[PDB]
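Enquirer:
There are 2 protein chains.
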Amino acid sequence: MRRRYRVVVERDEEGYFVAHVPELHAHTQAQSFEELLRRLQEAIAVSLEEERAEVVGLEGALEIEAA
Amino acid sequence: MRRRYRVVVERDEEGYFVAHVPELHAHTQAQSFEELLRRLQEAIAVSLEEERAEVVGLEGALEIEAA
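Here the protein sequences line up with chains A and A', keeping their order. A prime marks a further copy of an entry chain. According to the deposited numbering, the first sequence is numbered sequentially starting from 1. According to the deposited numbering, the second sequence is numbered sequentially starting from 1.
In structure tokens form, the structure reads like this:
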């Protein structure tokens, strides 16, 4: 099955991540980007009562902090 | 310095990633999400002629494939 969901990801002071998928009323957190993606996919799968889910794409805006 | 850039990320058949940051006329690719983020940050830093860049956030839409 195919789905598209708005998502908001933020990195805290510790550099840890928290993602919010409003349409699914879900929140997921992780210490790395790799971990975030994995938990996000697992969480979306559970929401949809599916065995597995995979992020095949994302279109959005990146917030950058440079020095 | 602070910046926000539109980004488009896609996962190919092999499950590999390619990111496009149109405003920076840049393309970056990697075999994992963790690697993509790292190269993306390094590439944006070079574009801005900065030493380092960090993705502190992202607001967008996730494309999901579930089974």
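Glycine residues also receive a C-beta, built at the ideal position from the N, C-alpha and C atoms.
Just the chain A side, please: which residues come within less than 9 Å of A'/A53 by C-beta, in chain order?
Expert: Neighbours of A'/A53 on chain A, chain order: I64, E65, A66 and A67.
Enquirer: Under 8 Å, Cβ to Cβ, is there at least one residue of chain A near A'/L24?
Expert: Cβ-Cβ to chain A under 8 Å: no for A'/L24.
Enquirer: Under the three-state reduction of DSSP, which class applies to A'/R52: helix, strand or coil?
Expert: If DSSP states are grouped into helix, strand and coil, A'/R52 belongs with coil.
Enquirer: So the beta strand (DSSP E) A'/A67 belongs to, where does it begin and stop?
Expert: No beta strand (DSSP E) holds A'/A67; DSSP gives it neither H nor E.
Enquirer: Ends of the alpha helix (DSSP H) at A/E35?
Expert: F33 to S47 is the span of the alpha helix (DSSP H), which, as asked, contains A/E35.
Enquirer: Please report the straight-line C-alpha distance between A/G15 and A/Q31, rounded to a whole angstrom.
Expert: Computed Cα separation, rounded: 7 Å.
Enquirer: Would you call A/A67 buried or exposed, if buried means 16 or more other Cβ atoms sit within 10 Å of its Cβ?
Expert: A/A67 is exposed by the Cβ-count criterion.
Enquirer: Mapping DSSP to helix, strand and coil, what is A/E10?
Expert: Strand, per DSSP.
Enquirer: Any beta carbon from chain A' within less than 8 Å of A/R11's own beta carbon?
Expert: Yes, its Cβ sits closer than 8 Å to a Cβ of chain A'.
Enquirer: Would you kindly check if the distance between the Cβ of A/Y5 and the Cβ of A'/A61 is under 8 Å?
Expert: Yes. Within cutoff.
Enquirer: Rounding to the nearest angstrom, what Cα-Cα distance links A/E51 and A/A45 in this structure?
Expert: Their backbone Cα atoms lie some 6 Å apart in a straight line.
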